[PDB]
Amino acid sequence: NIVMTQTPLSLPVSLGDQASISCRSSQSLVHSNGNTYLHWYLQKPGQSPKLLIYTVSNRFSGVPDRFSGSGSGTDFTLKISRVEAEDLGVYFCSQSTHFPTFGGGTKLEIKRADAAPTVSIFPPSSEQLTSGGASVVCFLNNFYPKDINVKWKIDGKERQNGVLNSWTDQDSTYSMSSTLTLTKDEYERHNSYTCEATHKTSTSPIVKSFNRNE
Amino acid sequence: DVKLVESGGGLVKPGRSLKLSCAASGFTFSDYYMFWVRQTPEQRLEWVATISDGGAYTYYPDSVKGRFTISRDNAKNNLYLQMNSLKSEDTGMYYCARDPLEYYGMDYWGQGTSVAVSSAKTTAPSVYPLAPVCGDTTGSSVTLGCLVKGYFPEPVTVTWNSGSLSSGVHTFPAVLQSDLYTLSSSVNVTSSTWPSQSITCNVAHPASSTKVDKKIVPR
Amino acid sequence: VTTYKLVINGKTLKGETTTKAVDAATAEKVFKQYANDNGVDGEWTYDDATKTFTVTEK
Amino acid sequence: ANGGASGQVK
């Protein structure tokens, strides 16, 4: 029940950069025997986590000396003196002082220049409506960084109910689909449909709309 | 060198059970405490079981206590996990991992075995076209798509123009929607390209033996 | 149960799908739901020898 | 305690 929290969620870097990731535990990690069982692991896509740093600052067998760890009590950080492409993936901290628990992970990724998304909105198809269903889709493609906020607005009111989002893995840009799934009857209850995106690149939202009756 | 190989994962109906195995090699298996750790679809890691070196002592979090049993065969170098009364929240990748001798931790992990718990039946996807909102006379590039909805189990495969349309395509990861899976794909082309030239998404769902092409026509 | 097949010859949707059913009539209901779900509207024929249904749109 | 849910220290 020792909660492990990682900061940041994502850390974009350029090859050659320094890298720092933090890990905060809800209670002290010092064991009764005096040792602190706080570890770091790296997981690449399709592979299992591999041990990097054990007991706060000990490098595991084979780990380059570019990796270092430190911290104390409840606040710990993993450092990468100089980032290489093979370092990219998700870093996890974990604690073994009490029953094992894990942080949510910090994804180390390749930095790119900021890019605004290209937004496209799609009404339900004739086919789906014939079937009795209504999916409204919005693609938010090729943007950077990953953080993006999307809102569905129907006759001006936000709709969160029935919305499912899916993000592509990292060109180095990110893409995302948002799909609002309604019944045909619900879809016919309103006429104005808007997909609105807020991204760091602009103070103004990117708005794409259609009208059910057009 | 140390190696761990998990196997046994599969699809099981809710309330059902399954046994996972984990073959260990390259170390004296009987000297080490062993664990089972799982990773959910949203990628969170959760410890699920611990067993002492000799096998007498077993530990579990409250989420699994009374339903899971970790065991091991020290003669055969095998670690096991019997899972009973399975729930949809048990869906995930299962890894076995080793406890090092001189500190509490997890030094080596296997490549994993996936478990899925669901009451869904094999279902072929519906393939809907995502054509642009009508009336665009700008002459700017067009973005089209295919919505592949309601299939089970995973996975599906999607190509555009039998694979000859590969640039400017984004195929998004599947999401669970009505206890079934859904994915979509987008493709972007110049306005002189479509609709003068046909654009078709080629969809395959191996489990239902579905192979369908959906030509995308304008609204 | 035995395997039944469906050939879809629609104006924009074309291809194949299958189902495992107790008999052809039981398979035909699954296939008509499938076609309906994909917006298809066509004429249904059945080839006994290959246990294959075909739905063809005008 | 030594041995437990998070392993042992031999």
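Protein chains in written order, with the authors' numbering: chain L, 1 to 27, 27A to 27E, 28 to 95, 97 to 166, 170 to 213; chain H, 1 to 52, 52A, 53 to 82, 82A to 82C, 83 to 100, 100A to 100B, 101 to 213; chain A, 5 to 62; chain P, 1 to 10.
Ideal Cβ placement from N, Cα and C applies to all residues, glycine included.
Look up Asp86 of chain H in the DSSP assignment and say whether it is helix, strand or coil. Position 90 of the second sequence, counting from 1, holds the residue named residue 86 of chain H. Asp86 of chain H carries a helical assignment under DSSP once its states are collapsed to helix, strand and coil.
Bounding residues of the alpha helix (DSSP H) (the contiguous stretch that carries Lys183 of chain L): Here residue 183 of chain L corresponds to residue number 184 of the first sequence, with the count starting at 1. For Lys183 of chain L, the uninterrupted alpha helix (DSSP H) segment begins and ends at 183 to 186.
Is any beta-carbon of chain A found at less than 8 Å from that of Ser89 of chain L? Numbered from its first residue, the first sequence carries residue 89 of chain L at position 94. Answer no: the Cβ-Cβ gap between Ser89 of chain L and chain A never drops below 8 Å.
So what's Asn40 of chain A in DSSP terms, helix, strand or just coil? In the third sequence, counting from the first residue as 1, residue 40 of chain A sits at position 36. In this structure, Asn40 of chain A counts as helix in the three-state DSSP scheme.
How close, in whole Å, do the beta carbons of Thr72 of chain L and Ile21 of chain L come, if the pair is a contact with beta carbons under 8 Å? Here residue 72 of chain L is taken as the residue at index 77 of the first sequence, counted from 1. Here residue 21 of chain L is taken as the residue at index 21 of the first sequence, counted from 1. Yes, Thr72 of chain L and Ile21 of chain L are in contact; Cβ-Cβ is about 6 Å, under 8 Å.
Short CB-CB distance (under 8 Å) between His198 of chain L and chain P: Looking up residue 198 of chain L in the first sequence gives position 199. Put simply, the CB of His198 of chain L is far from chain P, with every gap to its CB atoms at 8 Å or more.
Taking 8 Å as the threshold (C-beta atoms), are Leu10 of chain A and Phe57 of chain A in contact? One-based indexing of the third sequence puts residue 57 of chain A at position 53. One-based indexing of the third sequence puts residue 10 of chain A at position 6. Cβ distance < 8 Å, so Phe57 of chain A and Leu10 of chain A count as in contact.
Which value, in whole angstroms, describes the spacing of the CA atoms of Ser178 of chain H and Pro167 of chain H? As a working mapping, residue 178 of chain H is identified with position 184 in the second sequence. As a working mapping, residue 167 of chain H is identified with position 173 in the second sequence. Cα-Cα distance, rounded: 8 Å.
Under 9 Å, CB to CB, which of the residues in the stretch 107 to 134 of chain L have a partner in chain A? Identification of residues in the stretch 107 to 134 of chain L having a C-beta nearer than 9 Å to some C-beta of chain A yields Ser121, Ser122, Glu123, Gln124, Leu125, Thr126, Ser127, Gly128, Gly129, given in sequence order.
Tell me which residues of the stretch 37 to 70 of chain L have at least one Cβ-Cβ distance to chain H shorter than 9 Å, keeping chain order. Listed by position, the residues of the stretch 37 to 70 of chain L near chain H (Cβ gap below 9 Å) are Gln38, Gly41, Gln42, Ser43, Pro44, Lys45, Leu46, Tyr49, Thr50, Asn53, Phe55, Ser56.
Inter-residue CB distance, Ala28 of chain A and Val34 of chain A (contact presumed, cutoff 8 Å): The sequence position of residue 28 of chain A within the third sequence is 24, counting from 1. The sequence position of residue 34 of chain A within the third sequence is 30, counting from 1. Not really, about 11 Å apart at Cβ, beyond 8 Å.
With 16 as the cutoff for other CB atoms within 10 Å, does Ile75 of chain L come out buried or exposed? Position 80 of the first sequence, counted from the first residue, corresponds to residue 75 of chain L. Sixteen is the threshold: when 16 or more other Cβ atoms of the shown chains lie within 10 Å of the Cβ of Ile75 of chain L, as they do, the residue is buried.
Hey, out of H:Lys3, H:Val5, H:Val2, H:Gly9, whose CA is closest to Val111 of chain H's CA? Numbered from its first residue, the second sequence carries residue 111 of chain H at position 117. Ranked by how close their Cα comes to the Cα of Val111 of chain H, the residues H:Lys3, H:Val5, H:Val2, H:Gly9 have H:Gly9 in first place.
Cβ neighbours of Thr40 of chain H in the same chain (closer than 6 Å, five flanking residues each side left out): The residue given as residue 40 of chain H occupies position 40 in the second sequence. Here the set comprises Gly88.
Enumerate in chain order the residues of its own chain whose CB-to-CB distance from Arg213 of chain H is below 6 Å, with the five nearest sequence positions on each side excluded. Stepping through the second sequence from its first residue, residue 213 of chain H is reached at position 219. A distance below 6 Å between beta-carbons, with the five flanking residues on each side excluded, links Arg213 of chain H to the following residues of its chain, in chain order: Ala125, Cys128.
The alpha helix (DSSP H) enclosing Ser122 of chain L, as first and last residue numbers: Within the first sequence, the letter at position 126 stands for residue 122 of chain L. Unbroken alpha helix (DSSP H) run through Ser122 of chain L: 122 to 127.
Helix, strand or coil for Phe55 of chain L per DSSP? To locate residue 55 of chain L, count along the first sequence from 1; it is residue 60. DSSP places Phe55 of chain L in coil when its eight states are reduced to three.
Pull up the distance between the alpha-carbon of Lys19 of chain H and that of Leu80 of chain H, whole angstroms please. Numbered from its first residue, the second sequence carries residue 19 of chain H at position 19. Numbered from its first residue, the second sequence carries residue 80 of chain H at position 81. Going by the C-alpha atoms only, they are around 6 Å apart.
Which stretch, first to last residue, makes up the beta strand (DSSP E) that contains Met82 of chain H? Within the second sequence, numbered from 1, the residue matching residue 82 of chain H stands at position 83. 77 to 82 is the span of the beta strand (DSSP E), which, as asked, contains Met82 of chain H.
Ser67 of chain L versus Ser14 of chain L: straight-line alpha-carbon distance, rounded: Stepping through the first sequence from its first residue, residue 67 of chain L is reached at position 72. Stepping through the first sequence from its first residue, residue 14 of chain L is reached at position 14. Cα-Cα distance, rounded: 29 Å.
Between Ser62 of chain H and chain P, is the shortest Cβ-Cβ distance under 8 Å, so that the two count as touching? Taking the first residue of the second sequence as 1, we reach residue 62 of chain H at position 63. So no, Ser62 of chain H is outside the interface.
Using the rule of at least 16 other Cβ atoms within 10 Å of the residue's Cβ for burial, across every protein chain shown, is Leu9 of chain L buried or exposed? Counting from one through the first sequence, the residue named residue 9 of chain L turns up at place 9. Exposed.
What in chain A is Cβ-close to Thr204 of chain H, meaning under 8 Å? Numbered from 1 along the second sequence, position 210 holds the residue referred to as residue 204 of chain H. Under the 8 Å cutoff, chain A gives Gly19, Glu20, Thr21, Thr22.
Alpha-carbon spacing of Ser82B of chain H relative to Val12 of chain H, whole angstroms: Within the second sequence, numbered from 1, the residue matching residue 82B of chain H stands at position 85. Within the second sequence, numbered from 1, the residue matching residue 12 of chain H stands at position 12. Straight-line Cα distance between these residues: approximately 10 Å.
For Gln39 of chain H, which beta-bridge partners are listed by DSSP? Taking the second sequence and counting its residues from 1, one reaches residue 39 of chain H at position 39. In the DSSP secondary-structure assignment, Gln39 of chain H is bridged to H:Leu45, H:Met89.
Cut-off 7 Å between Cβ atoms - residues of its own chain near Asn76 of chain H, not counting five sequence neighbours on either side: Start at 1 with the first residue of the second sequence, and residue 76 of chain H comes out as number 77. Apart from sequence neighbours up to five positions away, the residues of its chain that approach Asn76 of chain H with a beta-carbon distance below 7 Å are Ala23, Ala24, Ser25, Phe29, ordered along the chain.
Interface residues of chain P around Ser70 of chain H at Cβ under 7 Å? By one-based count along the second sequence, residue 70 of chain H stands at place 71. Residues of chain P passing the Cβ test: none, with the nearest at roughly 16 Å.
Work out the CA separation of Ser208 of chain L and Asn157 of chain L for me, nearest whole Å. The residue labelled residue 157 of chain L in the question sits at position 161 within the first sequence. The residue labelled residue 208 of chain L in the question sits at position 209 within the first sequence. Pairing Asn157 of chain L with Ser208 of chain L, the inter-Cα distance amounts to about 18 Å.
According to DSSP, is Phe27 of chain H part of a helix, a strand, or is it coil? Numbered from 1 along the second sequence, position 27 holds the residue referred to as residue 27 of chain H. DSSP places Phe27 of chain H in coil when its eight states are reduced to three.
Contacting positions in the stretch 127 to 150 of chain H - beta carbon closer than 8 Å to chain L: With the criterion set as a beta carbon lying under 8 Å from some beta carbon of chain L, the members of the stretch 127 to 150 of chain H are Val127, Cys128, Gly129, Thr137, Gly139, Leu141, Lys143, in sequence order.
Using a beta-carbon distance cut-off of less than 9 Å, what residues from the stretch 34 to 49 of chain A approach chain L? Of all residues in the stretch 34 to 49 of chain A, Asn40, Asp41, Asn42, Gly43, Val44, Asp45 have a Cβ within less than 9 Å of some Cβ in chain L.
N- and C-terminal bounds of the beta strand (DSSP E) containing residue 168 of chain L: Since the numbering of chain L jumps from 166 to 170, residue 168 of chain L cannot be located in this structure.
Proximal residues to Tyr50 of chain A (C-beta, below 8 Å), its chain only, five neighbours per side dropped: What you label residue 50 of chain A is simply residue 46 of the third sequence in a count that begins at 1. If we look at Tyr50 of chain A and ignore the five residues flanking it on each side, its Cβ neighbours are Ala28, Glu32, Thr56, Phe57, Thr58.
Taking 8 Å as the cut-off, does the stretch 82 to 89 of chain L touch the stretch 34 to 43 of chain L (at least 3 CB pairs, one atom from each stretch)? Short answer: they touch.
Buried or exposed (CB count within 10 angstroms, at least 16 for buried), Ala39 of chain A: The residue labelled residue 39 of chain A in the question sits at position 35 within the third sequence. With 16 or more neighbouring CB atoms inside 10 Å of its own CB, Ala39 of chain A falls in the buried class.
Identify every residue that forms a DSSP beta bridge with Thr7 of chain L. Sequence index remark: in the first sequence, residue 7 of chain L carries index 7 (1-based). Answer is L:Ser22.
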